[PDB]
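**Q** Residue numbers (UniProt numbering), protein chains in the order written: chain A, 4100 to 4209, 4237 to 4310; chain B, 4872 to 4967; chain C, 4480 to 4524, 4555 to 4967; chain D, 4727 to 4871. The following block contains the structure, expressed as structure tokens.
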Amino acid sequence: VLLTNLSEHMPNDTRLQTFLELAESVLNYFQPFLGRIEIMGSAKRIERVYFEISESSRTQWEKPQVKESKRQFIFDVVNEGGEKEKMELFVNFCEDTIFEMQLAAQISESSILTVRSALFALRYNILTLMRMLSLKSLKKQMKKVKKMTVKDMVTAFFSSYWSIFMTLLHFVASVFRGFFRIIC
Amino acid sequence: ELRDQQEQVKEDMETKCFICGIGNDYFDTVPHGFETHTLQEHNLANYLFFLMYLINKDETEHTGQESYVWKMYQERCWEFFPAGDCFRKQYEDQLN
Amino acid sequence: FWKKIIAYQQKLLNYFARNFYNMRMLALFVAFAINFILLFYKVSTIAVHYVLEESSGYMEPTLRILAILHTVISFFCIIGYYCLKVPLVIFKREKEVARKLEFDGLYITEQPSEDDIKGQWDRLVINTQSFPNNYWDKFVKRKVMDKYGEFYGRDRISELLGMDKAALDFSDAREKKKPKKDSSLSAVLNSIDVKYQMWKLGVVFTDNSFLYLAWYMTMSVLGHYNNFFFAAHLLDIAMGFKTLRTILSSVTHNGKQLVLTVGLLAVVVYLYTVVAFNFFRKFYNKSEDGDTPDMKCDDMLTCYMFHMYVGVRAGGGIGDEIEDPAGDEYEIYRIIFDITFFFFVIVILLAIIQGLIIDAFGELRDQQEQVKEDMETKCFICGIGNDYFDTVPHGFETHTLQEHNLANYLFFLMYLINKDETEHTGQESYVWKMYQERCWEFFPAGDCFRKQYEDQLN
Amino acid sequence: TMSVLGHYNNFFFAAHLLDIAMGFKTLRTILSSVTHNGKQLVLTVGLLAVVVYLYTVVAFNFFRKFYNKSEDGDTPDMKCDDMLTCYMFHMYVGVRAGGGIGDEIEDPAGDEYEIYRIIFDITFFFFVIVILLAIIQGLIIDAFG
Ligand SMILES: Nc1ncnc2c1ncn2[C@@H]1O[C@H](COP(=O)(O)OP(=O)(O)OP(=O)(O)O)[C@@H](O)[C@H]1O
Ligand SMILES: Nc1ncnc2c1ncn2[C@@H]1O[C@H](COP(=O)(O)OP(=O)(O)OP(=O)(O)O)[C@@H](O)[C@H]1O
Ligand SMILES: [Zn+2]
Ligand SMILES: [Zn+2]
């Protein structure tokens, strides 16, 4: 708190920033528990107040129900709220929310099958796709490839893409079969 | 009407600070100034946590600022809340 | 030989990539032609036949040729998709994984929550040696090593990234000469990375548009067997026409609201059916002839199905369908039942649906207007108001089209990427370092050249 | 030309009432309401004609005997034996009918395809009768706005 106050009040003191980098770790650890607000001070000046944020209060505040309450309060104070009692309503909401978080903390005491199937299929089908290259079954098309010509090459890669597409058809059929197996 | 009310709330929050009431552009003159002001300087969550801290803390160990704010909270005088002015406005040319 | 056939293959693949969109529209044209020729389809006469009435006498060969052409065009569109759109999707996912690895360490300091199939599948690609295949930065495997080498161990990061740090020392040392040529089929097979291709095939199969095109293929193939499966190809107008896409986005914008409204309508009518089952049973007699009693509400399920199918579709309501209540003990209760049914189910709920649709139109229009006036009043990068620039005539347009053009920023990014790192200037190196560390502070925010040098320029 | 032809046939003079659109600007606002989204309305009508064609195809494939419109059982009059006749019937009858095609064609009770027929009718009513007309009216209202 002392170091943060000094750093904020003097923003451009080189010795201050150096001593701050010497003091990085403690500041980083205490940043979540450190809060700062600006109040209308007695000296007719705006002053900053540094205080302790408790872990329980922060968790209860971050709980979703309190977030919904905050959204509802903001909507209400914006739509049917006036500047005369806007901040009064804010204080009332703050008090009610503090009471409910104190009650909640007090009362509080202390697909994988589908992923496996879809990954096994995506492995096995591609293994079968590359299995003919693994066996070196392209030696049959080798003798025909020896006749280099445009029509032979176009039919050859059309046959290759046809093999890819029939492998895709086997994949989608196996997906449907597995879906039916899960159903039954 | 419901949709317009939601949009009104949205752009009101995104253009005016909830407590300050100051426009977003003045803070945005410095990059990310509006978000810095709304999430670090004048966070309503921070104000609520300060109210909790005052309530939980014993009255004897209240500091000067804590006692001052506690007296105005107990008399229900919300003048201590910043209205129209902020730290950046008050110390503009010293900070900048 | 290899160098000519591979070149011609690349030419053909490039042709398909270039003509992907044109063939996509022409497939729709062929679909409209086949559906138009199917408009004359007729049932011939148990023995069930199906023969077209051919006034010209050549309609049957005509749509046979049309179906074969449509199927071939589907294959060409499948090829063109893999030519053009697949590299972009692969680049996107590959760069996203690279960034998550270098900056978030999703495989060293974090592990996928096992509900993200994308991450579970992308765990495979890191081990491959063909990574940054599409992403320009081939240096991610070294960035991760430098960033996280000490805390997890050079050996562990090298094993996770599948890099041969042991061979790096031998490479820097004296490495023996070996014969190597790409003419060998074994050599080209070793050059092909089986696991990276496996990952790429998985990503492509996961891709939604590829699934849509495969469904188009399957429907065309089934349409060859049964000619009426070709009608499903008319469902492609939603994506072919963006003007129709606006109309469809009107109803899909509030699709959840519409589905919930239908569920609420089904629940309210179920409550009404329960009330009728409890009290108004003899009123639901639908027997045209008094001799044969046909009761539609003896059973809960039958009564509910009748309520849906008849009352929900009927304009007047369930009262205009079921029997008249005159001269009965439950006359007033029946009348109130009918009036409430008509007001709630027939009027309000349909009004709710139509109002949701209209509100969706309005919200889309307001969003477009918001984007329009936001662009016309604020500079995209500066964030400065238009009036300050407009103090000088045409100042806002000059600032937005000459000084801070997003096209100019994009071209600068391209220039940095294309340019060699050695010849980077001071500004180029500075911006390149912040781009590589993903720090966007170099982008002007709230300030510009005119603001900084106002009184000197003016 | 219309006046000259109206001399020959007196009923050609009715087309001169189409001049109110330009004579009255107050009527011109009402007409500009629908012509502002004229392209959207035409595309909506085309989409309605395509969806009903898909429904007609489904009926032609499965629900054929249901489309029997014979008042007397002696004379069979089938409205969906031919693709074109079935589509024209779907348009002229179902699109104009408030309840849908189900309130027009025969009842499904005691049949194998009962549930499929019911789902067909419900989907037809929700999409064609309700949503598409709602789309058109919403386009018109959005044009006013
Ligand atoms: N005192 C304030 N505290 C926080 N945000 C404020 C405040 N005053 C105005 N805002 C506006 O609200 C924005 C974020 O706060 P807000 O509660 O509206 O967001 P949210 O999306 O509901 O947040 P969350 O992720 O906590 O649910 C800020 O960026 C700012 O535009
Ligand atoms: N960085 C920017 N570059 C260009 N225009 C910008 C930029 N920032 C804001 N604008 C606004 O956008 C207008 C033109 O750009 P925009 O891309 O919106 O127009 P367009 O009509 O879509 O252009 P085009 O004819 O290229 O399709 C400018 O006049 C300005 O109001
Ligand atoms: Zn503030
Ligand atoms: Zn700019």
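Think of the CB as a built atom: it goes at the ideal place given N, C-alpha and C, for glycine as much as any other residue.
With three or more beta-carbon pairs closer than 8 Å as the criterion, would you say the segment 4556-4574 of chain C touches the segment 4742-4760 of chain C?
**A** No: the two stretches stay apart, fewer than three of their Cβ pairs being nearer than 8 Å.
**Q** DSSP has C/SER4564 in a bridge; who is on the other side?
**A** C/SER4564 pairs with nothing; no bridge assigned.
**Q** Run through chain B and tell me which residues come within less than 8 Å of C/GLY4892, C-beta to C-beta.
**A** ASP4899
**Q** For C/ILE4844 and C/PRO4834, what's the separation of their Cα atoms in angstroms?
**A** Distance between the alpha carbons of C/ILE4844 and C/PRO4834: 8 Å.
**Q** Beta carbons nearer than 7 Å to chain B: which residues of the segment 4149-4163 of chain A have them?
**A** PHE4150, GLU4151, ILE4152, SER4156, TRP4160
**Q** Please classify B/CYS4948: is it buried, with 16 or more other beta-carbons within 10 angstroms of its beta-carbon, or exposed?
**A** exposed
**Q** Beta strand (DSSP E) containing C/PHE4850: first to last residue?
**A** No beta strand (DSSP E) holds C/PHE4850; the alpha helix (DSSP H) holding it covers 4840-4850.
**Q** For a test of the three-state rule: what should DSSP assign to D/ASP4808, helix, strand or coil?
**A** strand
**Q** Counting Cβ pairs closer than 8 Å, one from the segment 4768-4781 of chain D and one from the segment 4490-4500 of chain C, do we hit at least three?
**A** no
**Q** Sort out for me which residues DSSP pairs C/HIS4558 with in a bridge.
**A** According to DSSP, which records beta bridges pairwise, C/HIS4558 is partnered with C/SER4523.
**Q** Let me know the alpha helix (DSSP H) ranges lying completely inside the segment 4734-4799 of chain D, each 4 residues or longer, listed in chain order.
**A** 4746-4749, 4751-4762, 4764-4787
**Q** Would you say the segment 4731-4745 of chain C touches the segment 4565-4579 of chain C, given that touching needs at least three Cβ pairs under 8 Å?
**A** yes
**Q** Report the start-end ranges of each alpha helix (DSSP H) in the segment 4563-4650 of chain C that is 4 residues or longer and not cut off at the edges.
**A** If we require 4 residues or more, the alpha helix (DSSP H) runs fully inside the segment 4563-4650 of chain C come out as 4568-4608, 4626-4631.
**Q** Hey, is the segment 4916-4935 of chain B in contact with the segment 4187-4206 of chain A, meaning 3+ C-beta pairs nearer than 8 Å?
**A** Inter-segment contact for the segment 4916-4935 of chain B and the segment 4187-4206 of chain A is present: three or more beta-carbon pairs are separated by less than 8 Å.
**Q** What does C/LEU4710 touch in chain A if you count any residue whose Cβ is under 7 Å from its own?
**A** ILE4252
**Q** Quick one: complete beta strand (DSSP E) runs, 3+ long, within the segment 4832-4909 of chain C?
**A** Within the segment 4832-4909 of chain C, no complete beta strand (DSSP E) segment of 3 residues or longer occurs.
**Q** Once DSSP output is grouped into helix, strand and coil, what is the label at A/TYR4149?
**A** Here A/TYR4149 carries a strand assignment [DSSP, helix/strand/coil].
**Q** Report yes if the CB atom of C/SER4583 is closer than 8 Å to the CB atom of C/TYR4705, and no otherwise.
**A** For C/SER4583 and C/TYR4705, no; Cβs fall outside 8 Å.
**Q** Take D/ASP4837 and list the residues in its own chain whose beta-carbon comes closer than 6 Å to its own, dropping the five residues that flank it on each side.
**A** none
**Q** Does any residue of chain A have a CB that is nearer than 8 Å to the CB of B/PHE4905?
**A** no
**Q** Would you say the beta carbon of C/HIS4908 comes nearer than 7 Å to a heavy atom of ligand 4?
**A** yes
**Q** Is D/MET4817 near ligand 2, in the sense that its beta carbon is under 7 Å from a heavy atom of that ligand?
**A** No, ligand 2 has no heavy atom inside 7 Å of this Cβ.
**Q** Report whether the distance from the Cβ of C/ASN4914 to the nearest heavy atom of ligand 2 is below 7 Å.
**A** True, at least one ligand heavy atom lies under 7 Å from that Cβ.
**Q** Could you tell me the distance, in whole angstroms, from the CA atom of residue 4554 of chain C to the CA atom of C/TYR4924?
**A** You won't find residue 4554 of chain C in this model, because chain C goes from 4524 right to 4555.
**Q** Counting contacts by CB-CB distance shorter than 8 Å, is A/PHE4283 in contact with chain C?
**A** yes
**Q** Is the closest heavy atom of ligand 3 to the C-beta of B/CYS4891 under 7 Å?
**A** yes
**Q** So what's A/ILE4138 in DSSP terms, helix, strand or just coil?
**A** strand
**Q** Provide the residue span of the alpha helix (DSSP H) that contains A/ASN4127, from first to last.
**A** 4123-4129
**Q** Helix, strand or coil for C/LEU4492, going by three-state DSSP, please let me know.
**A** helix
**Q** Select from B/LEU4915, B/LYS4960, B/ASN4967 the residue whose C-alpha is nearest the C-alpha of B/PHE4952.
**A** B/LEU4915
**Q** Using C-beta distances below 7 Å, list every residue in its chain close to C/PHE4714, excluding the 5 sequence neighbours before and after it, in chain order.
**A** Taken in chain order, the list of residues that qualify is empty.
**Q** Does the beta-carbon of C/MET4884, which I'm using as the reference point, lie nearer than 7 Å to any heavy atom of ligand 2?
**A** yes
**Q** Quick check: is any heavy atom of ligand 1 less than 7 Å from the C-beta of C/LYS4656?
**A** no
**Q** Would you call C/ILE4516 buried or exposed, if buried means 16 or more other Cβ atoms sit within 10 Å of its Cβ?
**A** buried
**Q** Does C/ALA4823 come within less than 8 Å of chain D when only Cβ atoms are used?
**A** With respect to chain D, the C-beta atom of C/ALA4823 has a partner C-beta closer than 8 Å.
**Q** Is B/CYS4948 near ligand 4, with its Cβ less than 7 Å from a heavy atom?
**A** Because no heavy atom of ligand 4 lies under 7 Å away, the Cβ of B/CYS4948 does not count as near it: no.
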